[PDB]
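In what follows, residues are counted from 1 in the order of the sequence shown.
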Amino acid sequence: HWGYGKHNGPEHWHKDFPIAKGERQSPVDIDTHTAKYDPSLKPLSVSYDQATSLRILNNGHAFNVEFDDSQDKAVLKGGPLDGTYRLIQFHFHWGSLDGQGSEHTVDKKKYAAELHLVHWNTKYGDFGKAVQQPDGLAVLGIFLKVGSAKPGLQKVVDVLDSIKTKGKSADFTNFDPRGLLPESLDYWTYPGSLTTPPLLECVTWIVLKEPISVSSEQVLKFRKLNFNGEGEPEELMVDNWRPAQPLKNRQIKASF
Ligand SMILES: [O][B]1([O])O[C]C2=[C][C]=C([N]C(=O)[N]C3=[C][C]=[C][C]=[C]3)[C]=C21
Ligand SMILES: [Zn+2]
């Protein structure tokens, strides 16, 4: 099936998922000079104090840390959003080199990686229903640059050995996602989609202006993961990001 290889990468996705060439595809380049400042843009409200992480899984294209979304334990609201969005999981996209890895770009600049904290609109009852709605998801995008180590990420980095291959999972309780947030919550926002098949156009993207920094050693661990399952030919999990897509008839709004 789909992947990030030469014969099934982003350039092929359109054959099984024609929406790949839709009107609001993600990711996109963020032209800082073209993005319009919106004063009516409310401040983001991130309430992760009651977050309940369950576990971590290698699904073959990334690793997800899942949370209990059966109650409003960790929600996202405010900003361009109307309603409450529960955190269901987070994952990253990264490269083989520090000069690449992020999905969104800032004035064409690529970051070493990109974190996605996924939230679904509770008014839709479950994530499955939400992804079928234009305003079903709220994804918080945070860029990662190589530099100083991020203490709040080390717990994730140390468990990766337990989920090296596709299909593996491990208990990952008591993880506090607030440790992955930059100091500032300034952001850019625009209507887009999932960056991996089925590429549903159900996402309100909120990309933070300020990046978080991680050490070269921390990102190196990410690069030692495997796309393949155990017992199969080793395929290093790297460059699991989709290239910038045409903005088309969309305008990116800034909160600053
Ligand atoms: O854009 B992201 O990388 O970041 C946030 C996010 C969330 C979910 C997916 N993926 C799905 O929701 N997949 C799916 C599978 C089967 C049926 C319906 C949906 C992809 C992304
Ligand atoms: Zn993602």
After noting the C-alpha distance and the side-chain angles of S26 and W205, does the key distance pass the side-chain hydrogen bond (donor to acceptor under 3.5 Å, both in side chains) rule? CA-CA 9 Å; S26 298; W205 280 97; 2.9 Å; yes

Quick check: do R242 and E11 have side-chain heavy atoms less than 4.5 Å from each other? no

Value rounded to 0.5 Å, distance of OG1 in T32 from CD1 in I252: 10.0 Å

Over 12 non-hydrogen atoms of neighbours within 6.0 angstrom of CD in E232: yes

Ion pair present between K109 and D107, side-chain N to carboxylate O less than 4.0 angstrom? no

Do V203 and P191 make a side-chain contact, defined as non-hydrogen atoms from C-beta onward lying under 4.5 Å apart? no

State, without any angle test, whether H93 and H116 hold a side-chain donor-acceptor pair at a distance under 3.5 Å. yes

Answer with yes or no whether the side chains of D38 and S40 bring together a donor and an acceptor at under 3.5 Å. yes

Side chains of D69 and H119: does their closest heavy-atom pair fall under 4.5 Å? no

Does one side chain, of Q100 or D239, offer a donor that lies under 3.5 Å from an acceptor on the other? yes

ILVMFWY network linking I206 to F67, side-chain heavy atoms under 4.5 angstrom: yes

Does atom CD of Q50 have more than 12 heavy-atom neighbours from other groups under 6.0 Å away? no

Do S102 and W241 pair up side chain to side chain, a donor and an acceptor below 3.5 Å, judged on atom types alone? no

Is the backbone of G5 close enough, under 3.5 Å, to the side chain of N8 for a donor and an acceptor to pair up by distance? yes

Ring pair (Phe, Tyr, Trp, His ring centres under 6.0 Å) between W2 and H14, intermediate numbers included: CA-CA 10 Å; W2 71 267; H14 78 92; over 10 Å; no

Atom NZ of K224 and atom CE of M237: how far apart are they, to the nearest 0.5 Å? 15.5 Å

In terms of hydrophobic clustering (I, L, V, M, F, W, Y; side-chain heavy atoms under 4.5 Å; direct or indirect links), are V118 and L199 co-clustered? no

Please check this pair: side chain of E210 against backbone of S184, looking for a donor-acceptor N/O pair closer than 3.5 Å. yes

Roughly how far, to the nearest 0.5 Å, is the CD1 atom of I56 from the OG1 atom of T173? 12.0 Å

Spacing of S70 atom OG and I88 atom CD1 [to the nearest 0.5 Å]: 10.5 Å

Let me see the working for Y85 and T204 under side-chain hydrogen bond (donor to acceptor under 3.5 Å, both in side chains), right down to the final yes or no. CA-CA 11 Å; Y85 292 70; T204 284; 4.8 Å; no

Look only at the side chain of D98 and the backbone of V146, and say whether a donor-acceptor pair between them is shorter than 3.5 Å. no

Would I142 and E114 count as a side-chain contact (heavy atoms from CB on, under 4.5 Å) here? Give the steps. CA-CA 6 Å; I142 300 179; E114 189 166 321; over 6 Å; no

From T196, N240, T195, residue fulfilling side-chain hydrogen bond (donor to acceptor under 3.5 Å, both in side chains) relative to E103: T195

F92 reachable from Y111 in the ILVMFWY side-chain graph, under 4.5 Å edges: no

Keeping the roles fixed (side chain from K36, backbone from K253), state whether a donor-acceptor pair exists under 3.5 Å. no

With a 6.0 Å cut-off on the ring centroids, do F222 and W94 count as close? yes

Any salt bridge between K123 and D135, counting N to O under 4.0 Å? yes

Run the numbers on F90 and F63 for ring pair (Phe, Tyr, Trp, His ring centres under 6.0 Å), then give the verdict. CA-CA 8 Å; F90 75 69; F63 67 81; 7.6 Å; no

List the steps, then state whether side-chain contact (heavy atoms from CB on, under 4.5 Å) holds for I19 with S193. CA-CA 10 Å; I19 199 169; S193 67; over 6 Å; no

Can you confirm whether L76 sits close enough to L117 that some side-chain heavy atom of one is under 4.5 Å from a side-chain heavy atom of the other? no

Within the side chain of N64, is there an N or O that forms a donor-acceptor pair under 3.5 Å with the backbone of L57? no

Flag if over 12 foreign heavy atoms under 6.0 Å of CG, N249: no

So do the side chains of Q133 and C202 get within less than 4.5 Å of each other, counting heavy atoms only? no

Passes side-chain contact (heavy atoms from CB on, under 4.5 Å), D126 versus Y124? Steps please. CA-CA 6 Å; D126 67 63; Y124 293 125; over 6 Å; no

Before we go on, tell me: are the rings of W188 and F256 under 6.0 Å apart, centre to centre? yes

Applying ring pair (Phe, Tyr, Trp, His ring centres under 6.0 Å), run through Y4 and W13 and close with a yes or a no. CA-CA 10 Å; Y4 295 96; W13 299 351; 5.6 Å; yes

Can you check side-chain hydrogen bond (donor to acceptor under 3.5 Å, both in side chains) on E235 and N228, steps first, answer last? CA-CA 6 Å; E235 222 168 294; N228 61 282; over 6 Å; no

Tell me, with the steps shown, if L140 and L87 meet side-chain contact (heavy atoms from CB on, under 4.5 Å). CA-CA 10 Å; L140 193 60; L87 175 73; over 6 Å; no

Passes ring pair (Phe, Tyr, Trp, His ring centres under 6.0 Å), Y190 versus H104? Steps please. CA-CA 12 Å; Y190 78 97; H104 287 86; 5.6 Å; yes

Within the 4.5 Å heavy-atom criterion, are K73 and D68 side-chain neighbours or not? yes

Please say whether more than 12 non-hydrogen atoms of neighbouring residues, nucleotides or ligands are located less than 6.0 Å from CG in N174. no

Residues, nucleotides or ligands: over 12 heavy atoms within 6.0 Å of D171 CG: no

Backbone of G229 reached by a side-chain donor or acceptor of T165 within 3.5 Å: no

Please report the interatomic distance NZ(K108) to CG(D29), rounded to the nearest 0.5 Å. 5.0 Å

Stacked cation flag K209 on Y187, 6.0 angstrom / 45 deg: no

Flag yes if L160 and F175 sit in one hydrophobic cluster, no otherwise; membership is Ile, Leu, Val, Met, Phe, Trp, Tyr, and two members link when side-chain heavy atoms are under 4.5 Å apart. yes

Test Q25 against every option in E201, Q245, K248 by the side-chain hydrogen bond (donor to acceptor under 3.5 Å, both in side chains) rule and name the one that passes. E201

Side-chain (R86) to main-chain (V75) donor-acceptor, under 3.5 angstrom: no

Okay, side chain of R223, backbone of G95: is any donor-acceptor separation there less than 3.5 Å? yes

Can you get from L153 to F143 by hopping between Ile, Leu, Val, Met, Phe, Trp and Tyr side chains that sit under 4.5 Å apart? no

If you define the side chain from C-beta out and look only at heavy atoms, does anything of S215 sit under 4.5 Å from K150? no

Taking atom CG of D158 as the centre, does the number of heavy atoms from other residues, nucleotides or ligands within less than 6.0 Å exceed 12? yes

At what distance, to the nearest 0.5 angstrom, does CG of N121 lie from CZ of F127? 12.0 Å

